[PDB]
Amino acid sequence: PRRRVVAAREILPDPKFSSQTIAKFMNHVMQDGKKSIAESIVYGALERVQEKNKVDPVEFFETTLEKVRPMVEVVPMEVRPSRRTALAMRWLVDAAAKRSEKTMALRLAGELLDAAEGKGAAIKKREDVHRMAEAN
Amino acid sequence: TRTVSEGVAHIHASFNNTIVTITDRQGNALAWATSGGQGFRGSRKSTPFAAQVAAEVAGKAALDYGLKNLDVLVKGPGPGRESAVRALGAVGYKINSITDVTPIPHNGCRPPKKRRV
Amino acid sequence: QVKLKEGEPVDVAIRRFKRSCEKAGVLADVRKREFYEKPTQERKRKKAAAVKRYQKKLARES
RNA sequence: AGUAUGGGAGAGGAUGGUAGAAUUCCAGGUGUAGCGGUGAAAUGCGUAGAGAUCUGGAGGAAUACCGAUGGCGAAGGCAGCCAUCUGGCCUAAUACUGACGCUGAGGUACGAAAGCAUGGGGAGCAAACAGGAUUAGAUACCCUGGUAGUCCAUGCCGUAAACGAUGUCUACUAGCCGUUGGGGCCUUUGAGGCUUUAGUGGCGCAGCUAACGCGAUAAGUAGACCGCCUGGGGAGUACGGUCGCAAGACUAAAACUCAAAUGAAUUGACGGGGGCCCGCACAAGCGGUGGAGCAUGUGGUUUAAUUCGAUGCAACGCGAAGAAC
């Protein structure tokens with residue numbers, strides 16, 4: 001602003017898992033107010049990862065998020081925690097968009113599973129940030 | 001081929017460049033690198049990052065001759081003196097002593113005219 | 001002649017040397033040597049410095 | 001006002017030696033692809049080897065720190081250290097001469113920098129000039145080079161915002177705070193505190209001034225002598241003369257033309273002056289336009305007519321909330 005400090009806007013927990021992380025991911029996926037489509041996409045992927053490995057959807061998602069989380073931007077300085085997660089979700093949706101499959105939910109589940117082993121364009125971009133950070 | 005344990009580093013840091021020269025004692029050159037030799041053409045030659053890059057290359061080159069402890073002399077009011085001296089420790093030498101040897105005239109020759117920019 | 005003792009780090013050595021050079025003030029002479037200063041300008045600058053010094057002394061006295 | 005005797009401070013002057021730092025060049029080792037420079041570049045230097053680093057040599061010019069609102073000198077000016085020759089100033093007490101004083105038209109001496117003459121010297125810097133940039137153009141500012149000159153000896157020139165924009169000499173008129181060179185007193189042991197004198201600074205009463213300001217270093221109160229001014233231009237110009245090798249300097253008008261030209265301060269406005277502050281101004285984000293097809297308005301062109309108005313932001317889906325008659 002210039003004079004004031006504006007508080008962050010608190011988002012409600014997801015009504016199905018009570019997960020603010022899942023709610024934020026849904027908000028990142030959603031376009032032009034179509035919340036139902038984003039909910040379907042996210043829930044389908046959460047069920048798919050559960051079948052393809054029997055793991056808890058919430059814990060598996062947090063672990064993959066922490067794996068794809070950067071640590072630094074760029075002038076080196078320490079990125080604040082919220083921006084880390086905000087940047088990780090953007091990479092995870094962008095890279096998932098470019099796979100070839102029938103539905104967005106299946107692509108999201110597939111690349112979540114792929115990133116759980118460190119294989120994916122998001123992790124590659126993370127290594128790129130690591131390299132250019134070593135540059136500075 | 002020649003092996004020497006104790007060496008001297010010279011950081012000539014001007015406002016347009018920085019030259020890092022590694023020699024033994026009695027001033028016989030062993031390895032050197034400048035910001036111009038790693039790209040960084042034009043005005044970017046004076047950045048501290050280029051000085052660090054040149055210092056790393058020079059230290060790694062001298063590691064072949066096999067120095068472990070060295071004495072550092074910095075001359076010139078360059079922006080890359082601190083980066084050049086820091087990069088040597090990162091490379092892995094032991095800086096026994098580091099000093100400033102910039103020359104000062106005792107009211108000698110006349111310097112050039114002032115720029116009316 | 002910053003001679004390091006047994007176990008200071010490189011950064012500590014750098015900062016201590018920077019403090020020593022700041023105390024020595026060699027860079028001021030190097031900057032002064034870049035261009036020629038005419039005696040008129042030198043006298044004007046020294047007169048201004050003396051005036052500022054005397055103004056500072058009265059302020060510190062009060 | 002001056003003289004003799006003791007002591008003191010100082011980049012005062014002239015001559016001759018000598019020391020260290022640094023720049024340039026040269027010779028030689030180590031060593032290998034850049035160096036240099038700018039807002040960004042380029043001209044330029046370099047593989048017949050630079051730049052960097054080490055050793056030695058040559059030469060010229062200037063004296064870091066001390067360094068100071070310090071010091072000395074009539075002014076111009078004077079800074080490493082040492083010797084020789086030499087001028088002035090401050091300070092104490094007696095002694096001595098007895099108005100020997102102040103100013104000064106003509107005259108005469110000194111007089112920054114640039115410039116001139118004869119002979120030397122030449123590191124760095126650098127008018128003129130050459131090239132590279134920038135620009136609509138660049139003749140300039142910026143960059144790479146570079147000759148006079150800057151230095152020495154012997155002479156000339158005689159001008160500067162040569163300024164404190166304040167002629168020299170004398171006496172008197174509240175105070176407060178610094179600093180330089182001396183004298184005296186007091187403590188009391190060694191560092192301080194009071195006075196007095198000659199300089200050098202900052203405030204300020206009275207007084208003065210158009211105001212700004214000055215104010216014992218007067219622009220106050222008075223006295224002595226000298227120089228100079230009489231609206232702005234033409235004009236420190238022409239003619240004549242004197243001086244100078246020259247460049248030029250000094251003395252110095254008129255015709256003609258205008259009703260102004262100036263000083264200080266006040267209110268605004270502006271500044272590619274400075275501080276502080278705000279705004280989707282930027283920063284962080286999410287969507288667009290600029291590309292395609294179509295709708296609509298404008299410019300242009302065309303036409304018998306393509307009715308008229310709106311033109312940077314603040315005109316262009318605007319007047320028109322609706323042209324087949």
Side-chain angles (χ1 to χ4, degrees), chain A residues 1-4 6 8-9 27-33 73-75 79-80 82-83 86-87 89-90 93, chain B residues 1-2 4 7-46 50 54 57-58 61-62 65 70-76 78 84 101-117, chain C residues 23-26 28-40 42-62:
Chain A
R2 211 180 242 297
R3 205 213 262 156
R4 297 273 125 89
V6 277
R9 173 143 26 214
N27 285 15
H28 277 283
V29 173
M30 153 185 59
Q31 280 157 50
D32 41 35
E73 85 313 2
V74 165
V75 49
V79 158
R80 79 198 265 197
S82 169
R83 179 161 245 271
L87 251 170
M89 281 173 208
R90 231 175 289 164
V93 296
Chain B
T1 67
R2 177 201 174 180
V4 50
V8 189
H10 289 86
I11 294 94
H12 180 290
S14 101
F15 272 77
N16 286 341
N17 213 353
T18 165
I19 302 165
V20 178
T21 281
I22 278 164
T23 167
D24 69 326
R25 313 191 145 275
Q26 312 97 41
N28 322 266
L30 302 167
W32 62 263
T34 92
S35 321
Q38 334 294 336
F40 280 135
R41 301 193 18 94
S43 101
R44 302 234 296 111
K45 268 156 82 183
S46 70
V57 162
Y65 284 86
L70 43 56
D71 198 310
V72 166
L73 322 177
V74 194
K75 87 148 92 150
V101 277
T102 318
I104 298 89
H106 295 351
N107 259 13
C109 304
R110 180 187 181 116
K113 90 168 76 171
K114 161 149 101 135
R115 308 172 73 246
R116 304 192 286 294
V117 276
Chain C
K23 193 178 184 184
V26 256
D29 298 0
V30 189
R31 294 164 198 174
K32 288 292 184 174
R33 277 304 149 185
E34 218 203 283
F35 79 92
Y36 178 74
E37 176 169 35
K38 272 146 195 279
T40 303
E42 176 150 280
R43 257 132 38 189
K44 260 214 316 173
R45 196 242 309 157
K46 282 190 176 194
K47 171 72 141 52
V51 160
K52 192 160 304 182
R53 230 178 302 168
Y54 190 71
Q55 296 292 334
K56 176 187 193 64
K57 194 179 68 182
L58 295 182
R60 94 192 176 194
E61 237 121 86
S62 290

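Naming: A, B, ... by sequence-line order, numbering from 1 per chain.
D:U302 and D:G240 make neither a Watson-Crick nor a G-U wobble pair with both donor-acceptor distances under 3.5 Å. Judged by the 3.5 Å cutoff on both pairing distances, D:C270 and D:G231 do not qualify as a Watson-Crick or G-U wobble pair. Nucleotides D:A4 and D:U189 fail to qualify as a pair under the Watson-Crick or G-U wobble definition, as the contacts are not both shorter than 3.5 Å. In this structure D:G207 is paired with D:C214, meeting the Watson-Crick or G-U wobble definition at both distances under 3.5 Å. Between D:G44 and D:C35 there is a base pair of the Watson-Crick or G-U wobble kind, both donor-acceptor distances falling below 3.5 Å. With the cut-off at 3.5 Å for both distances, D:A198 forms no Watson-Crick or G-U wobble pair with D:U173. Nucleotides D:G145 and D:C129 are base-paired: the Watson-Crick or wobble atom pairs both lie closer than 3.5 Å. D:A153 and D:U47 are not base-paired: they meet neither the Watson-Crick nor the G-U wobble geometry with both distances under 3.5 Å. D:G223 and D:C169 make a Watson-Crick or G-U wobble pair, with both donor-acceptor distances under 3.5 Å. Base pair annotation for D:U23 with D:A161: unpaired, by the Watson-Crick or G-U wobble rule (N1-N3 plus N6-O4 or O6-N4, or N1-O2 plus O6-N3, under 3.5 Å).
Here D:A252 has a north sugar; its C1'-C2'-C3'-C4' angle has a plus sign. Sugar conformation, D:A33: south. The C1'-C2'-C3'-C4' torsion carries a negative sign. The torsion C1'-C2'-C3'-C4' is the criterion here, and for D:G49 it is negative, giving a south pucker. A positive value of the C1'-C2'-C3'-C4' torsion places the sugar of D:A264 in the north (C3'-endo) family. A negative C1'-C2'-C3'-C4' torsion places the sugar of D:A99 in the south, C2'-endo-side range.
A 3.5 Å limit on both hydrogen-bonding distances identifies D:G13 as the Watson-Crick or G-U partner of D:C85. With a 3.5 Å ceiling on both atom-pair distances, D:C102 lacks any Watson-Crick or G-U wobble partner. Using Watson-Crick or G-U wobble geometry with both donor-acceptor distances under 3.5 Å, D:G56 finds its partner in D:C26. Pair assignment for D:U108: none, as no Watson-Crick or G-U wobble contacts are both less than 3.5 Å.
Closest contact between the side chain of B:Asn17 and the listed nucleotides D:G36, D:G34, D:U69 involves D:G36. Distances from the side chain of A:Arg83 to the nucleotides D:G31, D:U69, D:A284 place D:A284 closest. Candidate nucleotides D:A52, D:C177, D:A123 were compared by shortest atom distance to the side chain of C:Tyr54, and D:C177 ranks first. The side chain of B:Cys109 lies closest to D:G124, out of D:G31, D:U69, D:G124. If you check D:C141, D:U63, D:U53 against the side chain of B:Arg116, the one that comes closest is D:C141. Residue B:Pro105 has its side chain nearest to D:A22 when only D:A22, D:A52, D:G20 are considered. Listed candidates were D:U30, D:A126, D:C142. Nearest to the side chain of B:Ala29 is D:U30.
For the neighbouring bases D:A260 and D:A261, a stacking contact is recorded, both ring-centre distance under 5.5 Å and ring-plane angle under 30° holding. Remark: D:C110 and D:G111 stack on each other (six-membered ring centres under 5.5 Å, interplanar angle under 30°).
Atom-to-atom, CG of C:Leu58 to P of D:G204 comes out at 13 Å; the value is rounded to the nearest Å. Residue B:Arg115 contributes atom CZ, which lies 16 Å from atom P of D:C125 at whole-angstrom precision.
Taking every heavy atom of both residues into account, B:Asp24 and B:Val8 meet most closely at O-CG2, 4.1 Å. Heavy atoms only, all atoms of each residue included: B:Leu30 and B:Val4 are closest at CD1-CG1, 4.1 Å. Shown here for C:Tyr36 and B:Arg110, the closest heavy-atom pair between the two residues is CE2-NH2, 3.2 Å. The minimum heavy-atom distance between B:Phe40 and B:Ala50, with the atom names listed, is CD1-CB, 3.6 Å. Nearest heavy-atom pair, B:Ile22 versus B:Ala58, reported as atom, atom and distance to 0.1 Å: CD1-O, 3.3 Å.
Among the protein residues, B:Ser43 comes within range of the nucleic acid bases, having at least one heavy atom under 4.0 Å from a base atom. As judged by a 4.0 angstrom heavy-atom cut-off over every strand, C:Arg33 is placed among residues making no nucleic acid contact. Among the heavy atoms of the strands, none lies under 4.0 Å from B:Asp24. If you check every strand for non-hydrogen atoms under 4.0 Å, B:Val20 touches nothing. Within the nucleic acid shown, C:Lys32 has no heavy atom closer than 4.0 Å to any nucleic acid atom. Within 4.0 Å (heavy atoms only), A:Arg80 reaches no atom of the nucleic acid at all.
A donor N or O paired with an acceptor N or O is found under 3.5 Å between the base of D:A281 and the side-chain atoms of A:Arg2.
Between A:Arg83 and A:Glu73 there is no salt bridge, since no side-chain nitrogen of the basic residue lies less than 4.0 Å from a carboxylate oxygen of the acidic one.
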